[PDB]
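Since the structure comes first, as structure tokens, the remarks are kept for the end.
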Amino acid sequence: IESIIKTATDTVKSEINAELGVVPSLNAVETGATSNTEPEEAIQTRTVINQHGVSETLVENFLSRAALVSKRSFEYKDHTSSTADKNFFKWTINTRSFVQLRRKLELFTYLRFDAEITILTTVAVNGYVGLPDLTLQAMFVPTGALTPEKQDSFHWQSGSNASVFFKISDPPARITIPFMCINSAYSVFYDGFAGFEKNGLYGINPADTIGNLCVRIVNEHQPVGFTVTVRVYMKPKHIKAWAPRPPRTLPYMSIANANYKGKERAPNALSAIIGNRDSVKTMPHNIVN
Amino acid sequence: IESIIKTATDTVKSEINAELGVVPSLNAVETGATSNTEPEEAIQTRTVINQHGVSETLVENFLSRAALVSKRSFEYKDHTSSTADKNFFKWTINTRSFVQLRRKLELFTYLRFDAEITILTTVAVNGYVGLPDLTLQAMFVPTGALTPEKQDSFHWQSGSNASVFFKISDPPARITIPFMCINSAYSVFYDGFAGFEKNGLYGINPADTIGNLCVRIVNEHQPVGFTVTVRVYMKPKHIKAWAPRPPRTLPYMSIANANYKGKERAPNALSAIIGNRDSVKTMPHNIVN
Amino acid sequence: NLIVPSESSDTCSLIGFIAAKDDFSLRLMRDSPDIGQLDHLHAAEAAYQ
Amino acid sequence: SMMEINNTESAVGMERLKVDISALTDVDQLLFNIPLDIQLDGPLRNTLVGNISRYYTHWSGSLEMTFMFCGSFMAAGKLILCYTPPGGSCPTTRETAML
Amino acid sequence: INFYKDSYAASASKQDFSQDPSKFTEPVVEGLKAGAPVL
Amino acid sequence: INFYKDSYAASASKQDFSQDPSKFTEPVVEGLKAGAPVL
Amino acid sequence: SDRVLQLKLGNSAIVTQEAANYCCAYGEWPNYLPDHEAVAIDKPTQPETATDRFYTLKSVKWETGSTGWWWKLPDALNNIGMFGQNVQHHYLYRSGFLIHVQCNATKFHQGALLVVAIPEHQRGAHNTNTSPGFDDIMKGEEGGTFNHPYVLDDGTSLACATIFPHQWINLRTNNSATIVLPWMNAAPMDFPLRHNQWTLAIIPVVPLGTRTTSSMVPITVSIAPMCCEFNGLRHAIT
Amino acid sequence: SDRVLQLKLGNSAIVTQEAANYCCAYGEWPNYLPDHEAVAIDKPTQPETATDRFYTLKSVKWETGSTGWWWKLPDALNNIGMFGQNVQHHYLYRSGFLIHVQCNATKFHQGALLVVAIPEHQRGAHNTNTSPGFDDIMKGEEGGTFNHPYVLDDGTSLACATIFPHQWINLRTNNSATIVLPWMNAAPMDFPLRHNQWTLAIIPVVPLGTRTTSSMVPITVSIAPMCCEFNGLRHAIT
Ligand SMILES: CC(C)Oc1ccc(CNc2cccc3c(-c4ccc(C#N)nc4)ccnc23)cc1
Ligand SMILES: CC(C)Oc1ccc(CNc2cccc3c(-c4ccc(C#N)nc4)ccnc23)cc1
């Protein structure tokens, strides 16, 4: 039954049991149900009024904290002779690059949420003059819009694209992107192929495509070079989640897929996820006095 | 009929049709009316309760986002020997210079709105010393007012002109200009001549003249030179729009006119706006498996 | 078949039109790829002179 | 608004806005097709629905195509216009398209 | 939030959901019918 | 505090205390009993 | 009483005398798409008993070395009977499934099968950066075999797969498993040739053992689509 | 007003601007089989819009020497679309038909087609004692041509064929004919591969004539099954 649960369940006192035909510790795992054996059935209990709150395990609280999704460093310099991110970069938006957020999200099959984005920028002098207070432009370039080819291309005039202009001395730039799947939920996993032909990508729902984040320095280059690093954080909010999954055990290999190899030896080897003990009779950290 | 529309229309279920004298898929384009054939008339439909909102295609939302209208770079230096924008510039206000805003606005014949203006300033050291925190003055100089001739001319004392003084380390300077046409709407297109004689300009309604934006650095020059770039953004708000138009296909040539040449070859050549396919029987991206 | 008499033109034309119906909806505004510029336009520099 | 269905070389200017139909001596022949990809540069792109929709990334809802016959009063004929939901190739024979 | 004295200073008015597409789709003096042929 | 016009701009919704773990722990068509053996 | 079950759908019936209840995934039951959730506006075909019936796949042999088996839905059924003909002629499909898995042996045999329905079972490849190809994923009626059932071929784990809708076949206890699957997708309908909603997985966590004379011990899979809808009638892709 | 007609069935529509009313055979309309007339007790499949739609056959050329054409129902449709797949998978079938026959020419052309639906059109052979063979009768989508339309290939007469449900196409007057056929059988259902309920016949009683430049003048046949039911699901005969 669906019910409102704010605290852990109370324990009732229980007596001795000796009833024929009543056998609450016996179960049948083959049904696929979990054991319904209560502690009051397994042992004699006392009454316990339980006050422990359950708010910290809410899916909202579990997922709605800001995580790094993108980090890029580029040279802020005169690029006339470079081969390179020439005072700007383009990022194809994804959540698979940083394993801590990736593993948390992949505990679920379908997710619906809005994304709070924070952009943190940092600058160092290339191998000192002090640090300049640069202006940056982040521009969202949706599917089928033209991405900028140059720091000063006219794409940056941004007539209809969302842009945010922000300083390095400011607090980190912050915006919310709405839930923008063409379905009612994002497909965290996708057992399918993106195209009507056979050559399309496995494992990525086309319905979930966000677009590109294009970031430039707005200033003309200075006489000396700098490295600029941009960090993007995403925080899910107003979250719905469906069909929880076995967590990732093996190290990730790629952002394109669930391909797996494991560590050379346990823990998280393909052959052994838990580290070995000497025998099933060995207690590894046994208390001895 | 004028009505309040917030969501797309619902679909009703439809049955088989076989009525003499009733022929809803036939039409007459020569009246100038668009086809009134409904889907329930053309095929058997199911009932669909349609929830899709129409708010993002509101003319307010379509136009009311900030677009670059003016960008100017000048040298901040000792100009005693220069030929040049000598620590200040004057801009004759127009919307025709940046094609993304220009094309959006030109989807309409008449527009009435207020303009939110944002001024973003950036500085680089000329070919490093760090970047100075300069004070700038933007002064609106209406029609028939005197424009400044020098960085320190007395015109800048601004007894009755609107001026805004702003720092480079500040957030971008922001003001609203009211809707200020001497008519009830701006003329986005004007099939006329500005003067009572024949030599006046074609294509610009005199009623729409805004004036000049004059921008100086307020500081005395430093011992070293800098480049300052000023970017002006305009956001229409409180918008009314009348008589939508065929969009611009050919690349713009000039800010003075609608003159057209096209690209050398399709797309958007004068002779061919859509790129060619091999025949009217060729399906260019045909699915083959 | 297209069937015509001798004094009609032997070849005839269709014009095709398209529109959205009132169930049509659009989402997620972007810059249109139908327009661009490489240089400044003519007389744009002159607005500063 | 008019589709540029005849987006072929040697159609010049206004000629790209009309499709010419001739009498045939073989039954049930294909006359033309129309690609429906509004994002790519096809007959639908330079239309009112086309040019406005390309400021946006997502779309939903029905499209109407209307064809005006511009032969003489004495011209007669019957055509079949077919929409094929996606999944396979564009049909090349009437017995396939009429499904 | 608007503490300015001029009402043109305000934020944008995104609530005008009135449409009349028939002035562009059906400017015919005799309105079209569904149950009858146009001409 | 939310002065933005779109409701998706809001702060997070941490008040949804509804649970139904039985859809994951007991998706059996005949519900289990305490006082009777499972099979 | 919870050990005997009859499932009747269309012209097909299954009886079992040794069930262990049955699973309704997430407590759901299959339903047709309601009007407040519909997208496609053409009137759907609903073939009922022509599609909503048990199809029995080719049986597989449970051997001492068996790693387990999988079949993807709708792919495994896309070429079978009137269900296959409707998927071939229609762009869009929606249905549930009733899955019945069958494996009898003697009272001197032992062994346990995990029978689990996995939503969006996006496979990984082993020890490569290249994503699984089309022919690795799309197997049809034959289905595939597990490469590494211990990570479910996806770098996760078998031990936690009981979070998905499942039963067991424990040869001591029961000879069949039943799982009822609702429609499980983020969209209300899908193109059946390029996305699989469900993977059936059968994994021998305890191997088959006996000391009587060996016999072939097959595992048999019967799947009935439930509440089939199809939209976007055209020619057959086929 | 009786000259313009739109017929809409499923995803298909036909408009005509030059009809001559339309015929409802014997004043009937197609209906599904009621319970008080049913024989077969399995629940029927009723595919609706997947089957109940216009199928357009290959057009035939009207020439000065043409004797006329015929198509048998259900045979001409037994291999077309989801109608054909259901007849192939089911022992029993029932439906009506809506038949639309199309033939335009110029105002300088003349000619008249008798368009007639003949129930139980059991053919004769000419000048032999041997009965017509299977390949003489079963023609599929192509249909056949008349050997002797003056006796309707059955030793009766063309002059009296107006007792059957018919219209005319008189090129002076109209360019299309429409006939709605009920279920017309002594049994409530039939096996569609061995009995044809209806023969469509198109006979040029007045030959095509003009003195303008000649063009090919095709005749086109579109047939929509109406209220399709199928019983006795099994494998496809096909
Ligand atoms: C430049 C400014 C004005 O616009 C911007 C700024 C930044 C961004 C970057 N956003 C984003 C970065 C990374 C992920 C997302 C997602 C997302 C997350 C998880 C899942 C799952 N499972 N699916 C989708 C949704 C929306 N956004 C995202 C986009 C637009
Ligand atoms: C220095 C401060 C205090 O004052 C300032 C600051 C900046 C400005 C620059 N404004 C402006 C720049 C560009 C355009 C406009 C328009 C306008 C837009 C579109 C159409 C059309 N179709 N028609 C008129 C109206 C008012 N303004 C404008 C003017 C005065």
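Going through the structure tokens in order, the chains are called A, B, and so on, while each chain numbers its residues from 1 and the ligands are numbered from 1 in the order shown.
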
(message) Neighbours of ligand 2 at 7 Å or closer, counting only C-alpha atoms and all ligand atoms: which residues, as a PyMOL selection string?
(response) chain B and resi 69+93-95+105+111+114-115+117+138-140+162-164+175+177-180+186-188+208+210+213+234

Residue selection dump (C-alpha atoms) as a short mmCIF file (atom, residue, chain, number, x, y, z; two decimals), in the first residue's frame:
data_model
loop_
_atom_site.label_atom_id
_atom_site.label_comp_id
_atom_site.auth_asym_id
_atom_site.auth_seq_id
_atom_site.Cartn_x
_atom_site.Cartn_y
_atom_site.Cartn_z
CA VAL B 69 22.86 45.75 -32.20
CA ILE B 93 21.40 54.12 -33.81
CA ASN B 94 20.03 51.41 -36.15
CA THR B 95 18.86 47.78 -36.05
CA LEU B 105 12.36 41.94 -36.76
CA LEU B 111 6.27 46.85 -34.39
CA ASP B 114 10.08 49.39 -25.47
CA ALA B 115 13.82 48.63 -25.75
CA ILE B 117 19.53 48.15 -23.55
CA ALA B 138 27.17 56.63 -22.53
CA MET B 139 25.13 59.68 -23.58
CA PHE B 140 21.94 59.57 -25.66
CA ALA B 162 20.38 61.10 -20.50
CA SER B 163 23.82 59.78 -19.56
CA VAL B 164 24.80 56.59 -17.76
CA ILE B 175 18.45 51.00 -19.18
CA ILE B 177 14.22 53.32 -23.68
CA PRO B 178 10.47 53.85 -24.14
CA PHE B 179 8.71 53.27 -27.44
CA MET B 180 9.55 56.60 -29.02
CA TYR B 186 7.76 51.61 -35.91
CA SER B 187 7.85 51.05 -39.67
CA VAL B 188 10.06 47.99 -40.09
CA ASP B 208 11.51 56.10 -36.58
CA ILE B 210 16.16 57.44 -32.50
CA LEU B 213 24.71 56.97 -28.79
CA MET B 234 18.64 45.50 -27.36
#

(request) Tell me, as a ChimeraX atom specification, which residues lie within 8 Å of stretch 115-128 of chain H, counting only C-alpha atoms; anything in the same chain fewer than 4 positions away does not count. (result) /H:101,132,137,153-155,161-162,164-169,177,179,184,196-203

(message) When DSSP is applied to the backbone of this structure, which of stretch 247-285 of chain B are assigned strand (DSSP E or B)? Write them out as an MDAnalysis selection string.
(response) chainID B and resid 252 254 260 262 269 272 277

Let me see the file: selected residues, C-alpha atoms, as a PDB file, in the first residue's frame.
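Done, and the output landed in again34.pdb:
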ATOM      1  CA  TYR B 252      21.825  41.055 -46.849  1.00  0.00           C
ATOM      2  CA  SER B 254      23.749  46.800 -46.901  1.00  0.00           C
ATOM      3  CA  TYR B 260      20.033  41.453 -52.822  1.00  0.00           C
ATOM      4  CA  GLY B 262      22.312  35.798 -53.370  1.00  0.00           C
ATOM      5  CA  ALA B 269      21.123  31.695 -54.785  1.00  0.00           C
ATOM      6  CA  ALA B 272      17.614  28.578 -56.503  1.00  0.00           C
ATOM      7  CA  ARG B 277      18.248  17.155 -55.968  1.00  0.00           C
TER       8      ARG B 277
END

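Atom pair atom 15 (C, counted along the ligand's line) of ligand 1 / atom CA of residue A:182: separated by 13.9 Å.
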
(request) Go through C:40, C:35, C:48, C:30 one by one, measure the shortest atom-to-atom distance of each to ligand 1 using only C-alpha atoms and all ligand atoms, and give the residue with the smallest value. (result)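 Selected residue with least distance to ligand 1: C:30.
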
(request) Give me, as an NGL selection string, the contact residues of chain B against chain G at a cut-off of 12 Å, counting only C-alpha atoms. (result) :B and (9-16 or 39-52 or 287-289)

Those selected residues, please, written with C-alpha atoms and delivered as a PDB file, in the first residue's frame.
ATOM      1  CA  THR B   9      -6.269  21.560 -30.304  1.00  0.00           C
ATOM      2  CA  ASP B  10      -7.606  18.148 -29.287  1.00  0.00           C
ATOM      3  CA  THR B  11      -8.380  15.377 -31.776  1.00  0.00           C
ATOM      4  CA  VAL B  12     -11.839  13.766 -31.835  1.00  0.00           C
ATOM      5  CA  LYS B  13     -12.470  10.199 -32.980  1.00  0.00           C
ATOM      6  CA  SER B  14     -14.000   9.941 -36.461  1.00  0.00           C
ATOM      7  CA  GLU B  15     -15.985   7.235 -38.284  1.00  0.00           C
ATOM      8  CA  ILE B  16     -16.281   6.096 -41.897  1.00  0.00           C
ATOM      9  CA  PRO B  39      -7.711  15.451 -39.979  1.00  0.00           C
ATOM     10  CA  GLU B  40     -11.019  13.966 -38.728  1.00  0.00           C
ATOM     11  CA  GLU B  41     -12.287  14.555 -42.284  1.00  0.00           C
ATOM     12  CA  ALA B  42      -9.239  13.127 -44.104  1.00  0.00           C
ATOM     13  CA  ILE B  43      -8.649   9.898 -42.085  1.00  0.00           C
ATOM     14  CA  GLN B  44     -10.208   7.939 -39.240  1.00  0.00           C
ATOM     15  CA  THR B  45      -8.814   9.454 -36.013  1.00  0.00           C
ATOM     16  CA  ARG B  46      -8.747   8.498 -32.360  1.00  0.00           C
ATOM     17  CA  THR B  47      -9.589  10.845 -29.509  1.00  0.00           C
ATOM     18  CA  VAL B  48      -6.449  12.652 -28.265  1.00  0.00           C
ATOM     19  CA  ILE B  49      -6.482  15.054 -25.306  1.00  0.00           C
ATOM     20  CA  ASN B  50      -3.725  17.472 -26.306  1.00  0.00           C
ATOM     21  CA  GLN B  51      -1.746  19.146 -23.511  1.00  0.00           C
ATOM     22  CA  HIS B  52       1.011  20.872 -25.569  1.00  0.00           C
ATOM     23  CA  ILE B 287      16.160   4.864 -45.747  1.00  0.00           C
ATOM     24  CA  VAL B 288      17.733   1.669 -47.108  1.00  0.00           C
ATOM     25  CA  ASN B 289      18.269  -1.560 -45.170  1.00  0.00           C
TER      26      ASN B 289
END

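The spacing separating atom CA of residue H:60 from atom CA of residue D:27 amounts to 7.4 Å.
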
(message) Residues near residue G:234, anyone? I mean within 12 Å using only C-alpha atoms, not counting same-chain ones fewer than 4 positions away, as a ChimeraX atom specification.
(response) /D:82-91,95-99 /G:85-92,230,238 /H:10-12,49-51,53,55,80-82

At most 8 Å to chain A: residues in chain C, only C-alpha atoms, as a PDB file with N, CA and C atoms, in the first residue's frame:
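What follows is the written file out-v4.pdb:
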ATOM      1  N   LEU C  28      11.599  25.058 -27.806  1.00  0.00           N
ATOM      2  CA  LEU C  28      13.044  25.284 -27.674  1.00  0.00           C
ATOM      3  C   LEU C  28      13.636  26.173 -28.771  1.00  0.00           C
ATOM      4  N   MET C  29      13.502  27.474 -28.560  1.00  0.00           N
ATOM      5  CA  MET C  29      14.009  28.504 -29.457  1.00  0.00           C
ATOM      6  C   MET C  29      15.520  28.451 -29.669  1.00  0.00           C
ATOM      7  N   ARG C  30      15.921  28.653 -30.919  1.00  0.00           N
ATOM      8  CA  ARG C  30      17.305  28.612 -31.363  1.00  0.00           C
ATOM      9  C   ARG C  30      17.495  29.680 -32.430  1.00  0.00           C
ATOM     10  N   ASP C  31      18.746  30.048 -32.659  1.00  0.00           N
ATOM     11  CA  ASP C  31      19.077  30.836 -33.835  1.00  0.00           C
ATOM     12  C   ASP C  31      18.842  30.040 -35.110  1.00  0.00           C
ATOM     13  N   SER C  32      18.148  30.659 -36.043  1.00  0.00           N
ATOM     14  CA  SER C  32      17.813  30.012 -37.299  1.00  0.00           C
ATOM     15  C   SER C  32      19.060  29.885 -38.169  1.00  0.00           C
ATOM     16  N   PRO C  33      19.310  28.720 -38.766  1.00  0.00           N
ATOM     17  CA  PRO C  33      20.454  28.562 -39.673  1.00  0.00           C
ATOM     18  C   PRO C  33      20.268  29.160 -41.065  1.00  0.00           C
ATOM     19  N   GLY C  36      23.098  34.420 -42.034  1.00  0.00           N
ATOM     20  CA  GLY C  36      24.399  34.611 -41.422  1.00  0.00           C
ATOM     21  C   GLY C  36      25.083  35.803 -42.046  1.00  0.00           C
ATOM     22  N   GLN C  37      26.215  36.180 -41.468  1.00  0.00           N
ATOM     23  CA  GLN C  37      27.067  37.176 -42.099  1.00  0.00           C
ATOM     24  C   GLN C  37      28.525  36.868 -41.813  1.00  0.00           C
ATOM     25  N   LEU C  38      29.382  37.250 -42.753  1.00  0.00           N
ATOM     26  CA  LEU C  38      30.821  37.095 -42.614  1.00  0.00           C
ATOM     27  C   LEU C  38      31.516  38.424 -42.354  1.00  0.00           C
TER      28      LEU C  38
END

Find the residues around residue D:42 up to 9 Å (only C-alpha atoms counted), leave out those fewer than 4 positions away in its own chain, and share them as an mmCIF file with C-alpha atoms, in the first residue's frame.
data_model
loop_
_atom_site.group_PDB
_atom_site.id
_atom_site.type_symbol
_atom_site.label_atom_id
_atom_site.label_comp_id
_atom_site.auth_asym_id
_atom_site.auth_seq_id
_atom_site.Cartn_x
_atom_site.Cartn_y
_atom_site.Cartn_z
ATOM 1 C CA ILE B 274 16.620 25.295 -52.017
ATOM 2 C CA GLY B 275 19.559 23.078 -52.914
ATOM 3 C CA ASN B 276 19.085 20.851 -55.929
ATOM 4 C CA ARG B 277 18.248 17.155 -55.968
ATOM 5 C CA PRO B 284 17.719 12.518 -50.944
ATOM 6 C CA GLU D 4 9.714 24.229 -53.863
ATOM 7 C CA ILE D 5 9.052 20.669 -55.044
ATOM 8 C CA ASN D 7 14.275 21.839 -56.628
ATOM 9 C CA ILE D 34 8.511 15.173 -51.540
ATOM 10 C CA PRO D 35 11.095 14.763 -48.756
ATOM 11 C CA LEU D 36 9.605 15.821 -45.423
ATOM 12 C CA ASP D 37 12.810 16.705 -43.495
ATOM 13 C CA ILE D 38 12.181 20.357 -42.573
ATOM 14 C CA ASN D 46 11.535 28.015 -47.629
#

(message) Here is a test: counting only C-alpha atoms, which residue of E:2, E:18, E:29, E:7 is nearest to chain B?
(response)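 Ranking E:2, E:18, E:29, E:7 by distance to chain B, first place goes to E:18.
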